[PDB]
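Enquirer: My structure is stored as entry-v8.pdb, with PDB, C-alpha atoms.
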```pdb
MODEL        1
ATOM      1  CA  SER A   3     104.634  87.789  79.409  1.00  0.00           C
ATOM      2  CA  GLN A   4     104.769  89.331  82.877  1.00  0.00           C
ATOM      3  CA  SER A   5     107.430  91.938  82.099  1.00  0.00           C
ATOM      4  CA  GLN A   6     105.662  93.175  78.961  1.00  0.00           C
ATOM      5  CA  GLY A   7     102.291  93.257  80.710  1.00  0.00           C
ATOM      6  CA  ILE A   8     103.656  95.197  83.670  1.00  0.00           C
ATOM      7  CA  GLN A   9     105.395  97.673  81.376  1.00  0.00           C
ATOM      8  CA  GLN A  10     102.005  98.055  79.690  1.00  0.00           C
ATOM      9  CA  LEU A  11     100.725  98.812  83.204  1.00  0.00           C
ATOM     10  CA  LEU A  12     103.282 101.585  83.593  1.00  0.00           C
ATOM     11  CA  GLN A  13     101.836 102.884  80.337  1.00  0.00           C
ATOM     12  CA  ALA A  14      98.341 102.551  81.834  1.00  0.00           C
ATOM     13  CA  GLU A  15      99.322 104.720  84.785  1.00  0.00           C
ATOM     14  CA  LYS A  16     100.831 107.276  82.434  1.00  0.00           C
ATOM     15  CA  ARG A  17      97.427 107.269  80.727  1.00  0.00           C
ATOM     16  CA  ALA A  18      95.809 107.922  84.108  1.00  0.00           C
ATOM     17  CA  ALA A  19      98.246 110.787  84.684  1.00  0.00           C
ATOM     18  CA  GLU A  20      97.221 112.237  81.324  1.00  0.00           C
ATOM     19  CA  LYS A  21      93.542 111.942  82.260  1.00  0.00           C
ATOM     20  CA  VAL A  22      93.981 113.752  85.572  1.00  0.00           C
ATOM     21  CA  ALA A  23      96.077 116.445  83.887  1.00  0.00           C
ATOM     22  CA  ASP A  24      93.288 116.914  81.348  1.00  0.00           C
ATOM     23  CA  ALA A  25      90.840 117.299  84.224  1.00  0.00           C
ATOM     24  CA  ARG A  26      92.986 119.991  85.828  1.00  0.00           C
ATOM     25  CA  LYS A  27      93.354 121.809  82.504  1.00  0.00           C
ATOM     26  CA  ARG A  28      89.592 121.763  82.013  1.00  0.00           C
ATOM     27  CA  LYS A  29      89.085 123.153  85.512  1.00  0.00           C
ATOM     28  CA  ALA A  30      91.547 126.010  85.047  1.00  0.00           C
ATOM     29  CA  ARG A  31      90.057 126.931  81.671  1.00  0.00           C
ATOM     30  CA  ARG A  32      86.496 126.841  82.993  1.00  0.00           C
ATOM     31  CA  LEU A  33      87.358 128.938  86.042  1.00  0.00           C
ATOM     32  CA  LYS A  34      89.034 131.554  83.847  1.00  0.00           C
ATOM     33  CA  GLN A  35      85.990 131.612  81.558  1.00  0.00           C
ATOM     34  CA  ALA A  36      83.742 132.114  84.580  1.00  0.00           C
ATOM     35  CA  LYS A  37      85.862 135.058  85.694  1.00  0.00           C
ATOM     36  CA  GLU A  38      85.826 136.754  82.288  1.00  0.00           C
ATOM     37  CA  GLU A  39      82.124 136.152  81.635  1.00  0.00           C
ATOM     38  CA  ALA A  40      81.169 137.567  85.025  1.00  0.00           C
ATOM     39  CA  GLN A  41      83.348 140.599  84.329  1.00  0.00           C
ATOM     40  CA  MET A  42      81.626 141.186  80.986  1.00  0.00           C
ATOM     41  CA  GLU A  43      78.123 140.950  82.447  1.00  0.00           C
ATOM     42  CA  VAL A  44      79.321 143.395  85.095  1.00  0.00           C
ATOM     43  CA  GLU A  45      80.377 145.746  82.297  1.00  0.00           C
ATOM     44  CA  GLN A  46      76.919 145.520  80.733  1.00  0.00           C
ATOM     45  CA  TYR A  47      75.320 146.458  84.074  1.00  0.00           C
ATOM     46  CA  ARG A  48      77.812 149.265  84.650  1.00  0.00           C
ATOM     47  CA  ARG A  49      77.025 150.867  81.298  1.00  0.00           C
ATOM     48  CA  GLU A  50      73.282 150.361  81.753  1.00  0.00           C
ATOM     49  CA  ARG A  51      73.179 152.228  85.041  1.00  0.00           C
ATOM     50  CA  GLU A  52      75.539 154.895  83.697  1.00  0.00           C
ATOM     51  CA  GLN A  53      72.959 155.484  80.968  1.00  0.00           C
ATOM     52  CA  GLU A  54      70.023 155.561  83.395  1.00  0.00           C
ATOM     53  CA  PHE A  55      71.961 157.925  85.676  1.00  0.00           C
ATOM     54  CA  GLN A  56      72.571 160.285  82.759  1.00  0.00           C
ATOM     55  CA  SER A  57      68.906 160.052  81.744  1.00  0.00           C
ATOM     56  CA  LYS A  58      67.840 161.105  85.233  1.00  0.00           C
ATOM     57  CA  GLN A  59      70.359 163.944  84.998  1.00  0.00           C
TER      58      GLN A  59
ATOM     59  CA  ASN B 100     147.445  97.128 129.837  1.00  0.00           C
ATOM     60  CA  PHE B 101     144.981  94.298 130.505  1.00  0.00           C
ATOM     61  CA  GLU B 102     141.991  96.599 131.028  1.00  0.00           C
ATOM     62  CA  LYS B 103     142.580  98.150 127.607  1.00  0.00           C
ATOM     63  CA  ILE B 104     143.128  94.711 126.079  1.00  0.00           C
ATOM     64  CA  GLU B 105     139.668  93.616 127.168  1.00  0.00           C
ATOM     65  CA  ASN B 106     138.072  96.937 126.222  1.00  0.00           C
ATOM     66  CA  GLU B 107     139.410  96.894 122.663  1.00  0.00           C
ATOM     67  CA  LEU B 108     138.538  93.219 122.220  1.00  0.00           C
ATOM     68  CA  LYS B 109     134.919  93.928 123.151  1.00  0.00           C
ATOM     69  CA  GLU B 110     134.848  97.011 120.918  1.00  0.00           C
ATOM     70  CA  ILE B 111     136.043  95.048 117.894  1.00  0.00           C
ATOM     71  CA  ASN B 112     133.498  92.317 118.636  1.00  0.00           C
ATOM     72  CA  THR B 113     130.522  94.681 118.776  1.00  0.00           C
ATOM     73  CA  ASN B 114     131.800  96.457 115.670  1.00  0.00           C
ATOM     74  CA  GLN B 115     131.946  93.145 113.816  1.00  0.00           C
ATOM     75  CA  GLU B 116     128.337  92.547 114.826  1.00  0.00           C
ATOM     76  CA  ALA B 117     127.125  95.942 113.604  1.00  0.00           C
ATOM     77  CA  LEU B 118     129.097  95.815 110.359  1.00  0.00           C
ATOM     78  CA  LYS B 119     127.795  92.358 109.457  1.00  0.00           C
ATOM     79  CA  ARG B 120     124.242  93.426 110.287  1.00  0.00           C
ATOM     80  CA  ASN B 121     124.494  96.323 107.849  1.00  0.00           C
ATOM     81  CA  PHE B 122     126.470  94.391 105.232  1.00  0.00           C
ATOM     82  CA  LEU B 123     124.046  91.518 104.710  1.00  0.00           C
ATOM     83  CA  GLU B 124     121.057  93.769 104.053  1.00  0.00           C
ATOM     84  CA  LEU B 125     122.979  96.069 101.729  1.00  0.00           C
ATOM     85  CA  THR B 126     124.328  93.088  99.758  1.00  0.00           C
ATOM     86  CA  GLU B 127     120.853  91.665  99.240  1.00  0.00           C
ATOM     87  CA  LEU B 128     119.857  95.170  98.153  1.00  0.00           C
ATOM     88  CA  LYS B 129     122.664  95.166  95.579  1.00  0.00           C
ATOM     89  CA  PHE B 130     121.450  91.863  94.150  1.00  0.00           C
ATOM     90  CA  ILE B 131     117.810  92.968  93.930  1.00  0.00           C
ATOM     91  CA  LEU B 132     118.964  96.157  92.216  1.00  0.00           C
ATOM     92  CA  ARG B 133     120.939  94.157  89.656  1.00  0.00           C
ATOM     93  CA  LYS B 134     118.168  91.712  88.764  1.00  0.00           C
ATOM     94  CA  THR B 135     115.487  94.406  88.695  1.00  0.00           C
ATOM     95  CA  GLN B 136     117.276  95.982  85.725  1.00  0.00           C
ATOM     96  CA  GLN B 137     116.616  92.799  83.750  1.00  0.00           C
ATOM     97  CA  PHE B 138     113.057  92.827  85.077  1.00  0.00           C
ATOM     98  CA  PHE B 139     112.603  96.394  83.815  1.00  0.00           C
ATOM     99  CA  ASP B 140     114.411  96.155  80.466  1.00  0.00           C
ATOM    100  CA  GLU B 141     111.613  94.584  78.412  1.00  0.00           C
ATOM    101  CA  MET B 142     110.753  97.713  76.393  1.00  0.00           C
ATOM    102  CA  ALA B 143     112.675 100.376  78.350  1.00  0.00           C
ATOM    103  CA  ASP B 144     113.595 102.596  75.385  1.00  0.00           C
ATOM    104  CA  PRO B 145     112.050 105.708  76.992  1.00  0.00           C
ATOM    105  CA  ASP B 146     113.957 107.474  79.742  1.00  0.00           C
ATOM    106  CA  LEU B 147     111.659 106.162  82.488  1.00  0.00           C
TER     107      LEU B 147
ENDMDL
END
```
With the file now loaded, output its structure as structure tokens.
Expert:
Amino acid sequence: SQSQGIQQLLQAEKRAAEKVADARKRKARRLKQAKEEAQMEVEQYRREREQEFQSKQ
Amino acid sequence: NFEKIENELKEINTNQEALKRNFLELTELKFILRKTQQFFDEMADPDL
């Protein structure tokens, strides 16, 4: 019936809303991971050149 | 006296026009609102 089908459509759009929300969540998580991973590699480099600086000393 | 008589007659006439113009549309809106509840209430257990 038309009413039931269209209500099922409202459900379909709520599904679409869920999908887009999932996309945004993935993006935020991935961006945060990028930030942290870059910071950690930076820490590795910082310590490495600290060590080389002390060796030259 | 007569000038005011004519003025107020015309005022009431134009007011009737405007009021009817608004009234018809808002009444049709009332009816659509009423029937759309039946349209919506197939499985409307959730809030919206």
Enquirer: Please produce, as JSON lines, a per-residue contact table for chain B versus chain A (criterion: any atom at most 10 Å away, only C-alpha atoms considered), showing the nearest atom pair and its distance in Å to one decimal, sorted by chain then residue number.
Expert:
```
{"residue": "B:137", "atom": "CA", "partner": "A:5", "partner_atom": "CA", "distance": 9.4}
{"residue": "B:138", "atom": "CA", "partner": "A:5", "partner_atom": "CA", "distance": 6.4}
{"residue": "B:139", "atom": "CA", "partner": "A:5", "partner_atom": "CA", "distance": 7.0}
{"residue": "B:140", "atom": "CA", "partner": "A:5", "partner_atom": "CA", "distance": 8.3}
{"residue": "B:141", "atom": "CA", "partner": "A:6", "partner_atom": "CA", "distance": 6.1}
{"residue": "B:142", "atom": "CA", "partner": "A:6", "partner_atom": "CA", "distance": 7.3}
{"residue": "B:143", "atom": "CA", "partner": "A:9", "partner_atom": "CA", "distance": 8.3}
{"residue": "B:147", "atom": "CA", "partner": "A:12", "partner_atom": "CA", "distance": 9.6}
```
Enquirer: Please report the interatomic distance between CA of residue 15 (chain A) and CA of residue 135 (chain B) in Å with one decimal.
Expert: 19.6 Å
Enquirer: Using CA of residue 31 (chain A) and CA of residue 50 (chain A) as the two end points, give the distance in Å to one decimal.
Expert: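 Separation between CA of residue 31 (chain A) and CA of residue 50 (chain A): 28.8 Å.
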Enquirer: Can you tell me how far CA of residue 38 (chain A) sits from CA of residue 25 (chain A), in Å to one decimal?
Expert: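 Interatomic distance here is 20.2 Å.
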